[PDB]
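S.K.: before the rest arrives, take these chain(s) from the complex:
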Amino acid sequence: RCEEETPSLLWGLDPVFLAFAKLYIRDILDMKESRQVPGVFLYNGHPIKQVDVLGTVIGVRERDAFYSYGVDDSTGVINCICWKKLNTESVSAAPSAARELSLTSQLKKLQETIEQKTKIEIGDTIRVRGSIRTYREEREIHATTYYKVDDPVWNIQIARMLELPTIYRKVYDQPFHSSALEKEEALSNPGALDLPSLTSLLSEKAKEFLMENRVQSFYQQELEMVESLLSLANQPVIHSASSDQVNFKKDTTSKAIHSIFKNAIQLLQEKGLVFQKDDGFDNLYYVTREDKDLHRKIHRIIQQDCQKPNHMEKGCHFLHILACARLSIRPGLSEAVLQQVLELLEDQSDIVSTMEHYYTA
Amino acid sequence: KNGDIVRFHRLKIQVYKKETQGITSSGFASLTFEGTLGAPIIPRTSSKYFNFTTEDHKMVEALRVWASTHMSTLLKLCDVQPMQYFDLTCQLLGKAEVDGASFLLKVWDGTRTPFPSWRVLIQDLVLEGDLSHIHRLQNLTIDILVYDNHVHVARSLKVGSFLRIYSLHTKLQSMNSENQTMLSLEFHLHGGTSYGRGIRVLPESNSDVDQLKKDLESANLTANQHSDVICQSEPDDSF
């Protein structure tokens, strides 16, 4: 089934992949697990990971780290791994002052009522937010959150029962994929015929692989030894370009490979992904994406309102941001990395672009 | 502006070391026009009364096309760079001086300078200007210092008109009067006209002035700026 066999890795173009879905319990088993990667499942093409289900508990197995609650909802049944949580750092009960007493008391109210929502007995109605897992060949739910449904009457159950078909027909039954499918389709894949083009593709794959491995810093030789990156780099194009030294094909080609690796990391510097800290080394690089440190610093310098001006500034200007950063840390901070971090921050909701060139946090 | 199209009639030609050059002769006449394509041909002249012709206006259009695509800059104050030059254009809010080879001109664009502008230690009594249209918007105003030959020009000016400061110098500041750090922007105009340092009064019929007006229409209604005129009992509209 091609239409069912949606693009590889099941990208989140279809929104549901990021939000707790609402399927019949009985259907939760009929879905496939993805053969491409474990820990993700499929229904009518739409990929699912986070699931929402509400029913009644019918059986218990209690363990030291988790409970295991069997749960039913009419159409079917499953069991649910409900990780426990302890009360480490115990809050005492003391005759504190008015404010402290009130804080402690309200905290205790919240805590005790949370317990009452958490504790459970067979036949009760239970809600669970979590994801699909499988073990011993059996499929189950590992809940992110679970709480007792405090309804005195079946009205809300009735609502859900009436609803689920509606949401099915509206959203989940829709299989179609509206993506344009703008695939390169392996044009010059085995050979770029152009050392700059090879370097661009090399930088692509290398930044991909670094973000995958989450490596924050790296000596360039460490990267130059990667199997996939090497394979990509050593395609016949570089061997033919460096072939002028016929008597040293191996040596000249390996040197050209090291040079084109240097060129790729330099392209990353130009595009602000990676940068060479003032470490005194010649081929050591720090990746901006993982540079939580600079993220924190540049977030300090505005999250706390801009410290230099007395006036009630709403944030700071691109140039003054850059200048105060270079002042407080290092003049050598390239604008490329600054732009990259400013992008990532608003992606994270750590900064907002009220306009271009001026920002707040 | 560069790119204007000029017509000179009874222009007398002279020579200097084989370098030919024209001069405003006895019996001289002239016309001049706007350089933009997609806009009318409006005459700009001070000579006798004239008759335009289709050949004449087509020379203007052809020179427009030529400059535009056979021979082949705009900058808000908020887009400047720390030390450089530019042909800025603004309105004069006030003029002042302290005894010396320099003269002050205070202007505004309606956009925020990245760093705050340099602020002079002026003898305030010498400054001509109205505080009403300034104080509670001072963050959108700047200062410029002209020198030598530009002094007598600036001195002779009148507040309220529109200017274009050709080759205005920008320069970075980083200190306060008591030598505490503060990042700031300076503006200057060096003596002598070399490279084209100068000022020309702009007519309020110029389409650039229409563009600057257009800009401020947003800078006030859609200002999004905090409160001012907290003394809300002051206006009384048409009292």
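M.R.: Nice, thanks for sending it over. Numbering: from 1, shown residues only, chains lettered A, B, ... in the order given.

S.K.: Say whether chain A is contacted by stretch B:84-95.
M.R.: No - Stretch B:84-95 is not in contact with chain A by CB under 8 Å from any CB of the partner chain; minimum separation 13.2 Å. All C-beta spots, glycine's among them, are computed from the backbone N, C-alpha and C.

S.K.: Show me what counts as buried in that stretch.
M.R.: For stretch B:84-95, burial by neighbour count (16 or more other CB atoms under 10 Å in any protein chain shown) applies to B:85, B:86, B:87, B:88, B:89, B:90, B:91, B:92, B:93, B:94, B:95.

S.K.: What of stretch B:232-239?
M.R.: Result for stretch B:232-239 [16+ other CB under 10 Å]: no buried residues.

S.K.: could you dump that stretch to PDB, C-alpha only?
M.R.: Provided in PDB are the C-alpha atoms of stretch B:232-239 (Å, rounded to 0.1, in the frame of the first residue of the first chain):
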ATOM      1  CA  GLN B 232      -4.300  65.100  29.200                       C
ATOM      2  CA  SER B 233      -5.900  68.300  30.300                       C
ATOM      3  CA  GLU B 234      -3.500  70.300  28.000                       C
ATOM      4  CA  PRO B 235      -4.800  69.900  24.400                       C
ATOM      5  CA  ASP B 236      -8.400  71.400  24.500                       C
ATOM      6  CA  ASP B 237      -8.200  70.800  20.700                       C
ATOM      7  CA  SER B 238      -9.200  74.000  18.800                       C
ATOM      8  CA  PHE B 239      -9.500  76.000  22.000                       C
END
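
S.K.: Also, this goes in as chain C:
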Amino acid sequence: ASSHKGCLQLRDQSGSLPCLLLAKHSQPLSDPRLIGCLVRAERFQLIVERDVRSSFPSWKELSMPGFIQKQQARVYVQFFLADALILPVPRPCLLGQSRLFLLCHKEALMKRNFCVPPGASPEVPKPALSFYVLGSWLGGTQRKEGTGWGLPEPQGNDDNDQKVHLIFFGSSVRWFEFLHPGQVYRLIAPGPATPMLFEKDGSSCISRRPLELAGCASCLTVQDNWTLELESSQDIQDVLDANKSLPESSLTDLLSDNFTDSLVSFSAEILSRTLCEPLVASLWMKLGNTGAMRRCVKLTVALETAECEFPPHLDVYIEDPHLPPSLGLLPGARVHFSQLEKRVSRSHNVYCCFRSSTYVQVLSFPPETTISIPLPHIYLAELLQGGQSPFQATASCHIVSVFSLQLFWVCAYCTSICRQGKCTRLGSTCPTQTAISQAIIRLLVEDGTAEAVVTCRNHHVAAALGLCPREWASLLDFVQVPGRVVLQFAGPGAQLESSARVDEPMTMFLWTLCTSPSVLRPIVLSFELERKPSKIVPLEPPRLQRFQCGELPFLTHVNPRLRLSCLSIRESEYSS
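M.R.: Chain C added:
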């Protein structure tokens, strides 16, 4: 029709009262023959417009009178002419030429100034209330007949013999408000019937053309003894087919970055009015040309068009020279603007503005009692459908986690933080030591089919945390001690992130509270899409995200997460 302002006034012993007719629903009054008469009206509305200009310091004082500074009060009426009765005062008691013309459009009434009359007395005009109209004659001029008007003179062969600008100033302004576009009017002129009476005015004995109308060879300035009349004969109805025609636009002509509404106009349905304070906070009075500040005004027309499933909201501004507004601009009214000026801000918001080119007209008065249409109930994924999608809605979603949360006590005089009145600007920009509570919060919500981040402002937070107002006020009493409280949480189920500190017992309390299921409940949210539908925000390709959880890291294409602004938080059926 009064001489000073044109505005149709009702006058009778003891004084006068302005009024606002309408021939019939959605059609304007159109024949001058109706001046002078008696109108008996009994199904009518009486309006007011309180223009108070108080100066309250804080909300507290609203309980008292001792802070109002001034008062005025417009007052007037409005009614159809299907309800009132017209009575023609029987004429109390004990040689011309005419021509027909269709009219194209109207310049607005303004105190223009004027040229030297073309080739005539070169006295320099002063400003004076004036306007002019564009049209085109039909048939040649016609002589005095008694039975109306004689046979047309041989109609002119050229367009200049028909197309005509109609200029008005002085007493004849009294003929303004009857004029409406597209119709065929009839002008009449007494006196010795003679050629040339209307046919030219490019260079003439006298005609003080306005600057914008200089050089036009088809002008015509009417004489006080001339006046207009409406044409309605069925023998000319085939010309009056302009019926069911209006100056209107396509919404893609709008909502796009090019020309400045000299091209376009649009029906509308107002929703509010208040003063343009940020202009007085940047007082510049048309670059210093207007003089004293007749404060500027803003409206929020809910644009209308048959083209679209939803009306994009689209503010309109009114600046000093066009104050006071026309009559009949009120919440609920149905209004049909014409030839505004459109300006898109650098901060990128489409907004429209008044100029002499633009003139109001009303199509219907408010409804008796305000209706209540409930905002649609939808699923968040519809806002990712790719096509057009509703503008504002409610959705039965579920809090999943709290991102950011800040509280502030701020001075009501200046836009800064303020600990209980001891303002940082105290004594400088801020005279008075007084402060008020202010709070901000960002949620993450889901609904069974999409992700979305909701930012929520002001008191609402008390409903986001689900706190009863009383206890929330108690808490705020506490936070008043530090004056500013900021928390940032590394994420769902995680500890407070680096941007905030954990030591305060109150901090732990809050943190727990932001992590309790009792917060992370279901709620019915209603909201407004944070970025309105338009071209103004460019599109972008998808970003690349690399998860890290469960079994292995997932790398994927993802769109940028929604951002939505809060409007209503309400629980449903107490779902735990």
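
S.K.: Take the buried residues of stretch B:232-239 again, chain C included.
M.R.: Using 16+ other CB under 10 Å as the test for burial, stretch B:232-239 gives residue B:235.

S.K.: for stretch B:99-109, same thing?
M.R.: Those would be B:102, B:103, B:104, B:105, B:106, B:107, B:108, B:109, for stretch B:99-109 by 16+ other CB under 10 Å.

S.K.: My reading is that residue B:151 lies in a helix. Confirm?
M.R.: Yes - with DSSP: H, G, I helix; E, B strand; the rest coil as the criterion, residue B:151 is assigned to a helix.

S.K.: Quick one: list the elements packing against the helix or strand hosting residue B:14.
M.R.: Taking DSSP states H and E as the definition, residue B:14 sits inside strand B:12-16. Helices and strands touching strand B:12-16, by 3 or more CB pairs under 8 Å, 6 or more residues apart in numbering or on different chains; DSSP states H and E, are strand B:19-23.

S.K.: what's the strand it packs on packed up against?
M.R.: Judged by 3+ CB pairs under 8 Å, 6+ apart, strand B:19-23 is in contact with strand B:12-16.

S.K.: how about the residues of chain B that lie near chain C?
M.R.: Going by CB under 8 Å from any CB, the residues of chain B near chain C are B:91, B:132-133, B:136-137, B:160, B:213-214, B:216-230, B:232-233, B:235-239.

S.K.: throw DNA strand D on there as well:
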DNA sequence: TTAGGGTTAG
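M.R.: If we add DNA strand D to the chains shown above, we get the following:
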């Protein structure tokens, strides 16, 4: 007559 295009150091 002068000036007869090209960077100040303020």
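
S.K.: DNA strand D added, so what about the buried residues of stretch B:232-239 now?
M.R.: By 16+ other CB under 10 Å, the buried positions in stretch B:232-239 come out as residue B:235.

S.K.: Give me the contacts around that stretch.
M.R.: Residues outside stretch B:232-239 that contact it (CB atoms under 8 Å, 6 or more residues apart in numbering or on different chains): B:229, C:53, C:55, C:69, C:70, C:280, C:291, C:292, C:293, C:294, C:295.

S.K.: Next, give me the two most distant ones among these.
M.R.: C:55 and C:291 (23.6 Å; CB to CB).

S.K.: who has more neighbours, those two?
M.R.: It is residue C:55, of residue C:55 and residue C:291, that has more neighbours when counted by other CB atoms under 10 Å in any protein chain shown, with 13 against 10.

S.K.: quick one: the strands in chain B?
M.R.: Counting by DSSP state E, chain B has strands at residues B:5-9, B:12-16, B:19-23, B:29-33, B:84-96, B:102-108, B:128-129, B:141-147, B:162-175, B:181-189, B:198-202.

S.K.: Switch these over to a markdown table; also include distance to residue C:550.
M.R.: As requested, the strands of chain B are exported to a markdown table (distance: least, CB to CB, whole Å):
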| stretch | distance to residue C:550 |
| --- | --- |
| strand B:5-9 | 70 |
| strand B:12-16 | 84 |
| strand B:19-23 | 81 |
| strand B:29-33 | 71 |
| strand B:84-96 | 54 |
| strand B:102-108 | 58 |
| strand B:128-129 | 68 |
| strand B:141-147 | 57 |
| strand B:162-175 | 52 |
| strand B:181-189 | 48 |
| strand B:198-202 | 66 |
